[PDB]
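Visitor: Quick one: structure below, then a few questions.
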Amino acid sequence: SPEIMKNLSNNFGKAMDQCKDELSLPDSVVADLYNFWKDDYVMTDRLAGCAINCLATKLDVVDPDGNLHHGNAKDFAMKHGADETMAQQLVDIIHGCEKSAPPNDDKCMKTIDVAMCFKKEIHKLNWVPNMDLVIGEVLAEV
């Protein structure tokens with residue numbers, strides 16, 4: 001859905017060069033990252049996955065002393081972009097797929113194993129009919 005497809009970092013766009021430096025994104029990644037064509041490929045590079053939550057996270061979102069900013073990052077997402085129900089659909093995959101993920105050490109790539117594990121899950125659900133959010137805004141003048 002376009003809801004969560006509206007990326008916070010894309011909306012912000014406050015500092016491109018400083019997000020570029022912060023992750024030390026190689027030219028190959030940040031370039032492919034800017035691919036505006038909706039190819040819909042598999043997220044293979046950690047620097048891409050990380051850059052998705054780079055703008056609004058490097059702005060301000062640290063729960064603890066600097067590192068391990070888990071709470072505020074999820075709290076920030078629930079207050080801006082995804083409602084609590086969507087974040088709660090993600091957290092479940094995050095915890096289970098990351099826990100069941102192979103011990104291949106790449107801090108940002110693990111987050112990809114869970115991310116793709118989520119669209120895998122939603123794809124297994126596949127057939128889900130919507131109730132249609134029909135809202136009749138009755139504006140009665142005079």
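Note that the numbers count up from 1, one per residue, in the order the chain is shown.
Recorded method for this deposit: solution NMR.
Keep in mind that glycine also has a Cβ here, set from the backbone N, Cα and C atoms.
Taken from Swiss-Prot, the feature disulfide bond applies to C19-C54, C50-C108, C97-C117.
Tell me about the setting of these features in this model.
Guide: Mapped onto three states, the DSSP output places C19 (disulfide bond) in helix. Over all protein chains present, the Cβ of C19 (disulfide bond) has 22 other Cβ atoms lying within 10 Å.
Counting every protein chain shown, the number of other Cβ atoms lying within 10 Å of the Cβ of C50 (disulfide bond) is 20.
DSSP assigns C97 (disulfide bond) to a helix in the three-state reduction.
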Visitor: State the Cα to Cα distance, in Å, between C117 (disulfide bond) and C108 (disulfide bond), rounded to an integer.
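Guide: Given the Cα positions, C117 (disulfide bond) is 15 Å from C108 (disulfide bond).
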Visitor: Do me a favour and check the Cα-Cα span between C97 (disulfide bond) and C108 (disulfide bond); whole Å is fine.
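Guide: Between the Cα atoms of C97 (disulfide bond) and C108 (disulfide bond), the distance comes to 14 Å.
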